[PDB]
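**Student:** Heads up: the protein sequence lines correspond to chains C, C', B, B', A and A', in order. A prime marks a further copy of an entry chain. For the first sequence, the deposited numbering assigns the number 100 to the initial residue and increments by one for each residue that follows. For the second sequence, the deposited numbering assigns the number 1 to the initial residue and increments by one for each residue that follows. For the third sequence, the deposited numbering assigns the number 41 to the initial residue and increments by one for each residue that follows. For the fourth sequence, the deposited numbering assigns the number 41 to the initial residue and increments by one for each residue that follows. For the fifth sequence, the deposited numbering assigns the number 48 to the initial residue and increments by one for each residue that follows. For the sixth sequence, the deposited numbering assigns the number 48 to the initial residue and increments by one for each residue that follows. Can you keep this structure in mind? I'll have questions shortly.
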Amino acid sequence: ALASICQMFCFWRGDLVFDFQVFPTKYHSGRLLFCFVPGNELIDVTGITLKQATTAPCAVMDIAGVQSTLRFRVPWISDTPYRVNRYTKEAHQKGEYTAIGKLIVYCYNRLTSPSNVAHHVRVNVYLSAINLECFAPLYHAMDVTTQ
Amino acid sequence: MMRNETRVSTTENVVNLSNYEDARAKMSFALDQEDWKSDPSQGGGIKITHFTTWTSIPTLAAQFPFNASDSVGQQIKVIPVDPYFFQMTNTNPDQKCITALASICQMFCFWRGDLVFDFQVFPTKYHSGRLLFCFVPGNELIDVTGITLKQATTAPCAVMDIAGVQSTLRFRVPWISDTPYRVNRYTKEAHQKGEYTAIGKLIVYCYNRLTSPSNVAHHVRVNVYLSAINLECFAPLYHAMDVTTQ
Amino acid sequence: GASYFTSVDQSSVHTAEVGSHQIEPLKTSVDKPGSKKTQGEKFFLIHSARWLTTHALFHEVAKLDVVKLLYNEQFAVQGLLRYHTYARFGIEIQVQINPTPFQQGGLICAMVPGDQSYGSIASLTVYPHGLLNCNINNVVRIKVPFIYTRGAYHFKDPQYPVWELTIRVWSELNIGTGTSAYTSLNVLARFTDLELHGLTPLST
Amino acid sequence: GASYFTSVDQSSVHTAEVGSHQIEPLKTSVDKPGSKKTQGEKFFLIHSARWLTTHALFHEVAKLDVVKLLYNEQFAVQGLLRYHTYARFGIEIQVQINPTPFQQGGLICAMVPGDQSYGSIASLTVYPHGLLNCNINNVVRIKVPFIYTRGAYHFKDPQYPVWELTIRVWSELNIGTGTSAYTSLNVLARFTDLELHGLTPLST
Amino acid sequence: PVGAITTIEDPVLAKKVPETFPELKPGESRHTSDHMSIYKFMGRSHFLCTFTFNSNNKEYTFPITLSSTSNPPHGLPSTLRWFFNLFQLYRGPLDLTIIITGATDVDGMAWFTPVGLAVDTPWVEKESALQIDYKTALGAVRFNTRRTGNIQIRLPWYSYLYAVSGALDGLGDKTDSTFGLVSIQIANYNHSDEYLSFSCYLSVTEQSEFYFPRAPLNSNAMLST
Amino acid sequence: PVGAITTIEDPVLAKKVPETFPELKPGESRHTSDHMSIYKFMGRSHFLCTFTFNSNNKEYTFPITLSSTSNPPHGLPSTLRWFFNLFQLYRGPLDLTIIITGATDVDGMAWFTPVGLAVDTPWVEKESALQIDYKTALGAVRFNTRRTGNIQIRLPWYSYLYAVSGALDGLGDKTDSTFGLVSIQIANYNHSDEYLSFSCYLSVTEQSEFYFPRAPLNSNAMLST
Ligand SMILES: [Cl-]
């Protein structure tokens, strides 16, 4: 939804919201650290220890629990008032960015469990926005971001 | 019964950009035809609105040396009195360093007001001398070389003691002319008796020879800034005033 | 005239200034502007190890010089410690793990000042501690003020670690055949009431 | 609950704490405790070159990216910039020299935003400037707010220098045979109203 | 006469009102408005650029760049150039007005494209490579040479930046130096007809702002087409 | 930070205002109107369709169908398509605006034909098969290429339904998926002349309503002419 809308605008700003839903069993146990690294949609981030990651704003979550969703509200942090929908341009240009940074999902505590339960746990990632603002109408069907 | 008849006046679909009343757009691209507020965010609040902003900032117009070798009453430098003046220039990067005052008035046909010649001395607390600045009312083209330092005192002028705690003399040339405004004739091919750009010429005489010991420069340089107060320009035009090679 | 770095000038003159501080009508960033607390009194991941079935009772799963550990480029607080010589403060530690309910056992986390010396392991509860029990909680928090022999800690060249966080097996971690025979553990630390003193260009 | 780095815990428990903040009855250090201003909004020596008799008129004695220069381990402020991505601010520059009264000439110092482009060197006075005259003053100060196309400067990877401090010969430096044919020059800079945003572990 | 002597090196003393000789009040001007009020001055829409169509069903896309670097015709010319270098930061809408010359009965379209978005290659006449859908979406305008011969529409302050500037270097001078782009696409122009020329002029609006004064371009920089 | 953790499966708890880190009030925008107000947004008449006449005294009749099925050109294209699928029910007048391209001195007529009534075969250029009487009766409009070159008339909410929709299946998707039809018939167009093209654009009106939000079309569905 969020996408299909903003896809028709040249600019946007506000706090994006990443909702994480866990699908475990009351028998698993683990923690995942969500870290937002301020910047642009193209910054090599692979070279960041889980430790280094704590410097930036982030939040850890205990999967095993009565609750099931962590809401990550990424504050609007940028050197510009708004970001642009450069996903229409042929290539990329230093400065013309679409994102205010990248989000990371680290493995805080290894996933433990017995043996009569899945050897993993899936997680749905919902996306929405609050305090959103878009302007400068345009047409473009944003394609899939193949991570 | 609809009855709203209006006659089609002259100048049908004619375009005029001489002013904003006709230059302003008749429609807009902005969605919902919105507008925009003010925003000094990254502007430090320094919002400009008038060209006065430039015509009041003393910019470097010219530099002239005062050598000890210069004798009493010897003309050191002559400068026309019109904002369009400036002679500063740098070799490389190649550029004809125009002044603020100039770069502005250069876009007008007329001007009037009191031009201000600021003189900055670069001596040492060990030199000693005086320079007389004399403004001869007239036009930008009047043979002035035939004027004794004495004769020069008849016209309005001011002497200055270089050696001192102060360093700048401000020469405010009062608007003196037979016309209400002067014209930017620097665009015309030649010159015409009457069509003048300056209200006269300024002179830098050597009031008292420059004295000094021997362990200090044999001269003293002087920067000449130019700006204007009570300035008024009108009649927009385009032209990049060239350098006045004195 | 104010702040550090003073300048004495004989041939003085006035200062030239233009414009003034312009407050964003529309902020370009919604996060609190950097401050001592923003970058210094926040949490950071210090160390992280494992706890197994193999770990016998009282086994020290981790002996950390909390302080010294924080003093490292890896964490932003470094930027404040890297330029000051001495500094006194308080600390808040948070240790967490994730044992599957099919696991059982427990750990004890204690903030011991200086060194454990020859203190009875069985009395580690005397120190600011936090007990972890699989069947109960999976996280614990501890907060302590400044406790030292000196009026401040010297980073560039320390005398002795302010705090030595110790984590030992309070009760062997056993499980039923099939269950994961381990559980990772993490340690979070942060400064409280961070008092910095003496700006220095040194590094070591 | 507050500050950055939030923690969501299912199997929660209370925090254990001992003692409280103890205010020194007899301080162990009399200097203001480190703060954003202490370590960031203070003066630092950026660059320093010479001005000779050889230097012709308008000669650029120094072209500096004030900002970029400050972003360097050499200065403590780095510790605040090294961990934040963006940041807006104001600047106060102070340039000083020491010409012997037997020397004569002058220099002009101007804070030009972005680049000097093709602006008339003769009009550098339009920008926040400071004129130096041997026979008069030997020091000048300039203070300017934030002036940029963007709402903040990106340190890790800048778009274009916020300020380009330029220092040119306003009037050839001549002297009498025997006098020193030169004079060193230094440039001091500092941030004002330093607004930091976005904590980041990056470095480049 | 106290303002006849001062130390210009001192920022304070330099502001002392200059006065050398005795003068009287200048008086009143004979013309209503003050020609030095930037708003009123640039209010006179000045020249920007001009181009000519050669083949049918083609299009031209010229950008509005302050870049002092970009020399005309592929850049800011005459007055416009000069002006947009007297200060460091600019923002606000601009009342563009384009005049059509020559041809007739030629259907045309034009749309404003914000900085940092897809748009046909600059300063070049070629067959458009954009979805008619995309074009229109950004807000467009159709017109016919016969019926009119001139268009005056306002250009929006739609950019992800706080302001733009001309005086810059390479990098920034390639992103933060542009207001936006304009694109005119013709239709039904059998070249068996006369040539088709376009003239574009820009005028500053009341909603336009100017921040921080720079040192005007040295004469050698002021170019003209 | 309490809104940093919740059970999304619960409809109530999911509405808890999210909040993870400490933020300050965003502030004020620099542009007057809010570009996200559907009315103001679609207020920008977007592209609908386009066709070209070949022979003289002929006519084209294109329907206004929301059908997500009907792929363009024989259907809703670009923006219009996308929009009319964000919700389930639509009703209300629509300000259509059609642009003429090419030919000249060509007399033309156009009329709106409500859903479920006699009308020339859709998406097809052929000789009209309707009584001039019938055409006019439904309310028509005459015009000439020379004198104008564009027409902006409103389209009525005349239908026996409460609302129409795009997302539907076969049957209903063939009746309850249409606003109505438009028909343009030319006259005096000796093909010895230039070609005649028509461009149609639609804009939403204040009297237009939108009910119940749907899940936007997946990218693969969003087509464009
Ligand atoms: Cl006619």
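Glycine residues also receive a C-beta, built at the ideal position from the N, C-alpha and C atoms.
Taking a Cβ distance cut-off of 7 Å, strictly less, list which residues of the stretch 82-94 of chain B are near chain A', in chain order.
**Tutor:** Of all residues in the stretch 82-94 of chain B, none has a Cβ within less than 7 Å of some Cβ in chain A'.
**Student:** Can you tell me whether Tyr205 of chain A is buried or exposed? The criterion is at least 16 other CB atoms within 10 Å of its CB, across all chains shown.
**Tutor:** By one-based count along the fifth sequence, residue 205 of chain A stands at place 158. Buried, by the Cβ-count rule.
**Student:** Which runs of the beta strand (DSSP E) spanning at least 3 residues fall entirely within the stretch 115-191 of chain C, listed in chain order?
**Tutor:** Runs of the beta strand (DSSP E) inside the stretch 115-191 of chain C: 128-137, 157-161, 168-173.
**Student:** Helix, strand or coil, according to DSSP, for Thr112 of chain A in the structure here?
**Tutor:** Residue numbering aside, residue 112 of chain A sits at position 65 when the fifth sequence is read from its first letter. In this structure, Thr112 of chain A counts as strand in the three-state DSSP scheme.
**Student:** Which one of A:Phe98, A:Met156, A:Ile231 has the shortest CA to CA distance from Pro119 of chain A?
**Tutor:** Mapped onto the fifth sequence, residue 119 of chain A falls at position 72. Measuring from the Cα of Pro119 of chain A, the nearest candidate turns out to be A:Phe98.
**Student:** Please report the distance separating the alpha-carbon of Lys201 of chain C from that of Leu242 of chain B'.
**Tutor:** Position 102 of the first sequence holds residue 201 of chain C. Position 202 of the fourth sequence holds residue 242 of chain B'. The straight-line gap from Cα to Cα measures roughly 12 Å.
**Student:** Go through its chain and collect everything with a Cβ distance to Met269 of chain A''s Cβ below 7 Å, but skip five positions before and after it.
**Tutor:** Counting from one through the sixth sequence, the residue named residue 269 of chain A' turns up at place 222. The answer, listed in chain order, is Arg128, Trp129.
**Student:** Between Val183 of chain C and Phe110 of chain C, how many whole angstroms is the CB-CB distance? I'm expecting something under 8 Å.
**Tutor:** Start at 1 with the first residue of the first sequence, and residue 183 of chain C comes out as number 84. Start at 1 with the first residue of the first sequence, and residue 110 of chain C comes out as number 11. Yes, they are in contact, since the Cβ atoms of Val183 of chain C and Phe110 of chain C sit about 6 Å apart, within 8 Å.
**Student:** Assess, as a yes-or-no matter, whether the stretch 227-238 of chain B' is touched by the stretch 132-139 of chain B' under the definition of 3 or more beta carbon pairs within less than 8 Å.
**Tutor:** In short, these stretches touch, since the Cβ pair count reaches three.
**Student:** Between which two residues does the beta strand (DSSP E) holding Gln199 of chain A' run?
**Tutor:** Mapped onto the sixth sequence, residue 199 of chain A' falls at position 152. Where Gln199 of chain A' is concerned, the enclosing beta strand (DSSP E) stretches over 197-202.
**Student:** Give the interface partners of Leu136 of chain A over in chain C', defined as CB-CB distance under 8 Å, in chain order.
**Tutor:** Along the fifth sequence, one-based indexing puts residue 136 of chain A at 89. Per Cβ cutoff of 8 Å: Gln42, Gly43.
**Student:** Using three-state DSSP, classify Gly149 of chain A as helix, strand or coil.
**Tutor:** Within the fifth sequence, the letter at position 102 stands for residue 149 of chain A. In this structure, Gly149 of chain A counts as strand in the three-state DSSP scheme.
**Student:** Smallest Cα separation from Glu174 of chain A: which of A:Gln135, A:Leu185, A:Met89, A:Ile231?
**Tutor:** Reading the fifth sequence from its first residue, position 127 is the one you call residue 174 of chain A. When each option's Cα is compared against that of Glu174 of chain A, the closest is A:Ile231.
**Student:** What residues in the stretch 153-170 of chain A have a beta carbon less than 7 Å from any beta carbon of chain C?
**Tutor:** Taking 7 Å as the Cβ-Cβ cut-off against chain C, the residues of the stretch 153-170 of chain A that qualify are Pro161, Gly163, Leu164, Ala165.
**Student:** To the nearest angstrom, report how far apart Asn178 of chain B' and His127 of chain C' are at their CA atoms.
**Tutor:** In the fourth sequence, residue 178 of chain B' corresponds to position 138, counting from 1. In the second sequence, residue 127 of chain C' corresponds to position 127, counting from 1. So the alpha carbons of these two residues sit roughly 19 Å apart.
**Student:** Expressed to the nearest angstrom, what Euclidean distance is found between the alpha-carbon atoms of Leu218 of chain A and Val58 of chain B?
**Tutor:** As a first step, residue 218 of chain A is located in the fifth sequence; it is residue number 171 there, counting from the start. As a first step, residue 58 of chain B is located in the third sequence; it is residue number 18 there, counting from the start. Rounded to the nearest angstrom, the two C-alpha atoms are 27 Å apart.
**Student:** List, in order along the chain, the chain B' residues whose C-beta lies closer than 8 Å to that of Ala102 of chain C?
**Tutor:** As a first step, residue 102 of chain C is located in the first sequence; it is residue number 3 there, counting from the start. In chain order: nothing, as chain B' lies at least about 24 Å away.
**Student:** To the nearest angstrom, how far is the alpha carbon of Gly164 of chain C' from that of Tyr196 of chain C?
**Tutor:** Counted from its first residue, the second sequence places residue 164 of chain C' at position 164. Counted from its first residue, the first sequence places residue 196 of chain C at position 97. Distance between the alpha carbons of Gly164 of chain C' and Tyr196 of chain C is about 58 Å.
**Student:** Taking only beta-carbon atoms, is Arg261 of chain A' less than 8 Å away from chain B?
**Tutor:** Residue 261 of chain A' sits at position 214 when you count from the first residue of the sixth sequence. With 8 Å as the cut-off, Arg261 of chain A' does not count as an interface residue toward chain B.
**Student:** Once the 5 residues before and after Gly138 of chain C are set aside, which same chain residues still bring their CB inside 6 Å of it?
**Tutor:** Walking along the first sequence from the start, residue 138 of chain C turns up at place 39. Within the same chain, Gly138 of chain C has close Cβ partners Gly200.
**Student:** Give every residue whose Cβ lies closer than 7 Å to any heavy atom of ligand 1, listed in chain order.
**Tutor:** Result (chain order): A:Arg193, A':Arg193.
**Student:** Taking a Cβ distance cut-off of 8 Å, strictly less, list which residues of the stretch 189-202 of chain B' are near chain C', in chain order.
**Tutor:** Flagged, chain order: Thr189, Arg190, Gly191.
**Student:** Going by the DSSP bridge assignment, what does residue 11 of chain B pair with across the sheet?
**Tutor:** Chain B is shown only over 41 to 244; residue 11 of chain B falls outside these bounds and no answer can be derived.
**Student:** Where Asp216 of chain A' and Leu113 of chain A' are concerned, what is the direct C-alpha to C-alpha distance, given to the nearest angstrom?
**Tutor:** Indexing the sixth sequence from 1 puts residue 216 of chain A' at position 169. Indexing the sixth sequence from 1 puts residue 113 of chain A' at position 66. C-alpha separation (whole angstroms): 12 Å.
**Student:** Assign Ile52 of chain A to one of three DSSP states: helix, strand, or coil.
**Tutor:** Working through the fifth sequence from its first residue, we reach residue 52 of chain A at position 5. Strand, per DSSP.
**Student:** Measuring alpha carbon to alpha carbon, tell me which of A:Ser125, A:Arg189, A:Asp154, A:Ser246 ends up nearest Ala234 of chain A.
**Tutor:** As a first step, residue 234 of chain A must be located in the fifth sequence, where it is residue number 187. Taking only the C-alpha atoms, the option nearest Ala234 of chain A is A:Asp154.
**Student:** Could you spell out the range, first to last residue, of the alpha helix (DSSP H) harbouring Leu270 of chain A'?
**Tutor:** Locating residue 270 of chain A' in the sixth sequence gives position 223, counting from the first residue. Looking at the DSSP string, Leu270 of chain A' is not in any alpha helix (DSSP H), and its letter there is neither H nor E.
**Student:** Among C:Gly194, C:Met160, C:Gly113, C:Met107, which residue has its Cα nearest to the Cα of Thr189 of chain B'?
**Tutor:** What you label residue 189 of chain B' is simply residue 149 of the fourth sequence in a count that begins at 1. Nearest of C:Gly194, C:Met160, C:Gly113, C:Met107 to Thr189 of chain B', Cα basis: C:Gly194.
**Student:** What are the start and end residues of the alpha helix (DSSP H) that includes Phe88 of chain A'?
**Tutor:** Position 41 of the sixth sequence holds residue 88 of chain A'. Unbroken alpha helix (DSSP H) run through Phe88 of chain A': 85-88.
**Student:** Using a Cβ-Cβ cut-off of less than 7 Å, list which residues of the stretch 55-81 of chain A approach chain B; keep chain order.
**Tutor:** So the close ones are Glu56, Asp57, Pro58, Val59.
**Student:** Taking 8 Å as the threshold, find out whether the stretch 72-86 of chain A' comes into contact with the stretch 149-164 of chain A through three or more Cβ pairs.
**Tutor:** No, the stretch 72-86 of chain A' does not touch the stretch 149-164 of chain A.
**Student:** For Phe94 of chain A', go through chain A and note every residue whose CB falls closer than 8 Å to its CB, in chain order.
**Tutor:** Taking the first residue of the sixth sequence as 1, we reach residue 94 of chain A' at position 47. In chain order: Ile179, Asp180, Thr183, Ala184.
**Student:** I need the boundaries of the alpha helix (DSSP H) containing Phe130 of chain A, first residue and last residue.
**Tutor:** Translated into positions along the fifth sequence, residue 130 of chain A becomes position 83. Here the alpha helix (DSSP H) through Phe130 of chain A covers 125-130.
**Student:** For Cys247 of chain A, does the three-state DSSP call read helix, strand or coil?
**Tutor:** Taking the first residue of the fifth sequence as position 1, residue 247 of chain A is located at position 200. The answer is strand: DSSP assigns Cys247 of chain A an E or B state.
**Student:** At which residues does the beta strand (DSSP E) containing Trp91 of chain B' begin and terminate?
**Tutor:** Taking the first residue of the fourth sequence as 1, we reach residue 91 of chain B' at position 51. Segment: none, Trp91 of chain B' is in no beta strand (DSSP E) and carries neither H nor E.
**Student:** Use the C-beta contact count for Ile111 of chain A: other C-beta atoms within 10 angstroms, 16 or more gives buried, fewer gives exposed.
**Tutor:** By one-based count along the fifth sequence, residue 111 of chain A stands at place 64. The residue is buried, with at least 16 neighbouring Cβ atoms inside 10 Å.
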